[PDB]
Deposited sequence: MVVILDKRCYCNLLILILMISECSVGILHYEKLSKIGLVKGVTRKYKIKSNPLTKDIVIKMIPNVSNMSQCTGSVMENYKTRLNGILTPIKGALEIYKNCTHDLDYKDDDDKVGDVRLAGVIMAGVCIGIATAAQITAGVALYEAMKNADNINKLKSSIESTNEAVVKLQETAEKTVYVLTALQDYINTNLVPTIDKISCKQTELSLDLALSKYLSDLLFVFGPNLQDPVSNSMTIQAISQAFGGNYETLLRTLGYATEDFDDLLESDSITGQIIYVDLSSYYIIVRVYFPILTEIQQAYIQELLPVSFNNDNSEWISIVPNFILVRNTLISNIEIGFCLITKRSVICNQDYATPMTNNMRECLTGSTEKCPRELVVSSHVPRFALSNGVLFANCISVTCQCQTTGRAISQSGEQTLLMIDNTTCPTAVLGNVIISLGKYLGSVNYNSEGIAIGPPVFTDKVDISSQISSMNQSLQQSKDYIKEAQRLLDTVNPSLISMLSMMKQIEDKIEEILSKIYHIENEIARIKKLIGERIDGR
């Protein structure tokens, strides 16, 4: 419902329209990650390295266990009834997750029954299976390092030296875990954690984890980059040093009667300088309303915008008037920098500033020029079949719009400044003027 005809003289050229979709209703898979490697084939020369390693892992995992455990004591079957005075203080998101943690025990319990075989795996990636009821994939951190790089050299490298290499490899691993599972993760109950963070537990190799669980399609890569694929820690075993992680696989749901429209800014002139109109670049339209989108958190594809939550936000009435044609209310900033783009292409048509850009029409050799009455000049193939801007030759299409586009003016709104310091100064200035006028109305009222 935008008036693109008016906006294009202001300097906002219609760009690409995209569809809008948001993550919902996931399916799940459970995977086991071991944080301690199997050192049996080099057990002759591990020194006291593994013992110190185990101690540190308990120090790291103990706070995770304790924190999730409080939402584990404070439920009982009814679905499930959660105890409000037991947890006492919680957010809605935190509560939802605590419920999911409870339901998830059915599987954690069946997985834990396999602990005897989990404890003794000896490969980086292995499938365990005994019954229909209990099967699981197990990933082991650093196992390949040990069986490819240390074990084959046990008869070449002196045992003290192999102890030192194992110790360094383990310390590198802990360093990386600490950025994610260290006390930075002060809330391990919530399920917002991405798979790219969880995978640090296996060396950051999220591809192995995800390929172990599924298969590849182009849509999946979009979900992974849009951060819609997350997981939750459901169980921690401090005696075997492993965690059970639930991975969510979302279904994307598009919003009907909705789209996102982008605009391409072009600087324009009003008097004797260059100016930029300030509007949101991406406008979200739903039904007949216009709202703002915090698109910086959403993956943008050539066809759609994929968000991992609803990012719609409020917009003021002056921007609606701006956008729907009362352009008098559209604010502008001054151009100082030479980096501001001065032209754009839309549907074969050029919108360009020919006061600050050398424009000429190649077909004839005639110059193209802009008077001080136009903001931007519109160039198409009914006036100039082909044209050159700077050093680029562009064939043109036809403007399917008004014929006398370049003959009409548009109202221009006020100058603004957007810098953080400038904003504070503008506030002070307005306040000083308002406070003096308040005293003048008092004198006006008394006399």
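Gaps in the coordinates relative to the deposited sequence fall at 1 to 26, 105 to 119, 489 to 538.
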